[PDB]
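Just below is one structure, and these are the notes that go with it.
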Amino acid sequence: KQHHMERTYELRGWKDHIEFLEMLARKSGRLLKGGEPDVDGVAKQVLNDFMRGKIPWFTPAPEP
Amino acid sequence: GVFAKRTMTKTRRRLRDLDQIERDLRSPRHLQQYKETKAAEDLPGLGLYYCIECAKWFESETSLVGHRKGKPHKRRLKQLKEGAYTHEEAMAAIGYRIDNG
RNA sequence: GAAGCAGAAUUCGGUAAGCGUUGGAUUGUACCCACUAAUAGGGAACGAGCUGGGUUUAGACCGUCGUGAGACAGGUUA
RNA sequence: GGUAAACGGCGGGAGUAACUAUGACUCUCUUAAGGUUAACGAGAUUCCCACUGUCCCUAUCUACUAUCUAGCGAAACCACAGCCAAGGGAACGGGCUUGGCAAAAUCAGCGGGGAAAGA
RNA sequence: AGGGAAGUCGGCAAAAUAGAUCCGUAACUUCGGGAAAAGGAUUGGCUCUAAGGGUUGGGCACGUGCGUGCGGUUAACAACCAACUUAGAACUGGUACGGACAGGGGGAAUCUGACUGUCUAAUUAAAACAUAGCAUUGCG
RNA sequence: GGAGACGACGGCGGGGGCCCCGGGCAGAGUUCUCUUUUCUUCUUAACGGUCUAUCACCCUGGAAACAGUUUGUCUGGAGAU
RNA sequence: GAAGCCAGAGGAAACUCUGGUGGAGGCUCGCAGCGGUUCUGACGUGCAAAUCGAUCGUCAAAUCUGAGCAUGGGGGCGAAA
Ligand SMILES: [Zn+2]
């Protein structure tokens, strides 16, 4: 859910995943040489949080 | 200080030339095309802060203003004031012209 | 040489070792990808060149076993 | 009798049965824990940017050697010696057999073999 | 040179970073840190400007150079002396300005030991030992 | 009773010595050009006399409108300035 | 850049914030010293029966170290190999 991601990263207003990773990189300082955001490293951080449960998510049970 | 001085003269480390900078200053189309040759999201400050004369992008307006106070920018000022070296100047050095009838 | 083998691309077989038979990914532990004419198989080791595992002196930890010193179904580090 | 921050170990009760110890057999409860991992490290592992002769694929330069000369000058090792092919039942051959063959005396390298690891 | 880990068990080795001033700095956290995080802008020479100090010195009235009784805080002024920092500006060379020397590569994670410390002199420096903290035992 | 007789660390102040700068005498060097130039000697022991030197102590006096004061906040009606 | 201390702005007070001062820490970069991480290192009948180079750990202390003394082998001593 979007509000969980916004509460987790204190970050909001993105239009897509690319802009989300870019603003997360600019906020967290994940920058390459020349002020270029590290979208690969930020995506790896997000995936690590997703599988380690820092980001809350679940699969809803089937309705009877 | 210059980063990685030993491979500064490699072709992959080449910088923009002064005649190209004069063309960017005179015509906004040349500067425009040089800007679509770059990705805007991968530039410092989202490509919003740029010195045409030094051909360099900066992270902030205060960074650009601090850049304008230093000596590399003033050397670029004096080089642009003297004028870049071009093919027409090269021909005029040897006294060579073009006959178009 | 033969095959519904029209052509193109082949398939099966014969003489032939003259000449070639590559570059990579993956160690939570041999198969994939691409180029190429093709990426054929072996011997001279497996009846004191160098370097990674089987592999294991001395230090240490965890698991199993033992009253114990210690040993090992084992796993890791130097 | 007590004792588990002793070593250890991971359930209890009832029915049945009635010397002693056992077991077997049913029945029934079956639970401590749900909505600070920082800092530091010549510790072990994976990845990203930068960076480069790590590599494609090697090339060139310098100093000291190695080389030659004057002087000085050992050691390891050493049954005897050192070209191969085939056979030599004891899957060994440098000497034996049968062949190939085979020409003085030397210098720089080389690491196949012999030799060489306080082996 | 061009490519930039395609090399290799493995980025081994090498390269890159590095001084100082300024902008800026995330997650996490025992709130102390992390942190020089990350990511950026500059740095020569010459000629100037500005700021930051010290020492000495106040006027009358009497008695006799002294003492007193006063008066007065623009000394906010004069004279003399003195050294190193800091900031700003113009000009100028450039391929380079911490010009030699000196001098962090950085980041995302995981396991591990709390940390500082110690040991197998002559193959192992470590999750080993020690450590504070915790708990128990014996003794009047 | 005192001296003998006593830890480690931090900033500050005094003194000796060394370093640095200026003038003067003498000597030396450079001098195509420049440099009233650069370099060298210019010292004063133990032991004594005399005049001074932080802390501390003494006398007068009695402090709020609190004061004195160190880079560092200590002191003062148990008597400060 | 820890306590302590000064000034200013608020707050009835307690306290809160800002700018300083201060110089603590088995803190940290790093020279000497001490130690001994890494290199397909040098060296391998060596300079050396353990040396040499670059790199590395630590560097105000559980730091380094001399001399005098004590513990003596079925013993000592051991931050324990
Ligand atoms: Zn500019």
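Every number in this text was worked out from the coordinates using simple rules, so none of it is lab data. Please note: Cβ atoms are built from the backbone with ideal geometry, for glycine as well, and neighbour counts cover all protein chains shown.
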Scan the stretch A:8-64 residue by residue and report those that are within 25 Å of B:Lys56 (Cβ to Cβ) and in a loop (DSSP other than H, G, I, E, B). A:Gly29, A:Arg30, A:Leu32, A:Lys33, A:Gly34, A:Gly35, A:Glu36, A:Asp38
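Out of the residues in the stretch B:25-54 that are within 14 Å of chain A (Cβ to nearest Cβ) and closer than 23 Å to B:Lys74 by Cβ, state the one that is farthest from RNA strand E (Cβ to nearest atom). Walk me through how you get there before you give the answer.
Our first condition is that a residue be within 14 Å of chain A (Cβ to nearest Cβ); within the stretch B:25-54, this holds for B:38-50.
Next, only the ones that are closer than 23 Å to B:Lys74 by Cβ stay: B:44-45, B:49-50.
On the way: B:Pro44: 7, B:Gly45: 9, B:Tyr49: 10, B:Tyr50: 12 Å.
That would be B:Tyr50.
Would the stretch B:85-94 turn up any residue that is touching a residue at least 24 places away in the same chain (Cβ under 8 Å), out of contact with any strand residue (DSSP E or B) (no Cβ under 7 Å at 6 or more places or on another chain) and more than 16 Å from RNA strand D (Cβ to nearest atom)?
The initial filter retains those residues of the stretch B:85-94 that are touching a residue at least 24 places away in the same chain (Cβ under 8 Å), namely B:85-86.
Retained after the next criterion (residues that are out of contact with any strand residue (DSSP E or B) (no Cβ under 7 Å at 6 or more places or on another chain)): B:85-86.
Filter once more, keeping what is more than 16 Å from RNA strand D (Cβ to nearest atom): B:85-86.
Yes, that holds for at least one residue.
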For residues that are assigned to a loop (DSSP other than H, G, I, E, B) and more than 16 Å from B:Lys56 (Cβ to Cβ), tally how many sit in the stretch B:2-17. 3
Given the criteria loosely packed, with under 12 Cβ neighbours inside 10 Å, under 21 Å from B:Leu43 (Cα atoms) and under 11 Å from the mean Cα position of the chain (by Cα), does A:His4 qualify? no
Give the residue that is farthest from A:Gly29 (Cα to Cα), with candidates limited to residues of the stretch B:36-79 that are of a type in the set (A, V, I, L, M, F, W, C) and near the ligand (Cβ under 10 Å from one of its atoms). B:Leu77
Considering the stretch B:57-100, residues that are of a type in the set (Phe, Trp, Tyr) and under 19 Å from the mean Cα position of the chain (by Cα), and then whichever is surrounded by the fewest Cβ atoms within 10 Å (Cβ to Cβ), we arrive at B:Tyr85
Filtering the stretch A:16-52 down to residues that are loosely packed, with under 11 Cβ neighbours inside 10 Å and over 13 Å from the mean Cα position of the chain (by Cα), which residue is nearest to the other protein chains (Cβ to nearest Cβ)? A:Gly34
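Scanning for something touching a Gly at 6+ places or on another chain (Cβ under 6 Å), within 30 Å of A:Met23 (Cα to Cα) and surrounded by 15 or more Cβ atoms within 10 Å (Cβ to Cβ), does the stretch B:37-56 turn up at least one residue?
Here is the first cut: in the stretch B:37-56, the ones touching a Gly at 6+ places or on another chain (Cβ under 6 Å) are B:40, B:44.
When the remaining residues are screened for being within 30 Å of A:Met23 (Cα to Cα), the result is B:40, B:44.
Keeping just the survivors that are surrounded by 15 or more Cβ atoms within 10 Å (Cβ to Cβ) gives B:44.
Yes: one or more hits.
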Hey, any hits in the stretch B:11-22 for a residue that's within 14 Å of chain A (Cβ to nearest Cβ) and touching a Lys or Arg at 6+ places or on another chain (Cβ under 6 Å)? no
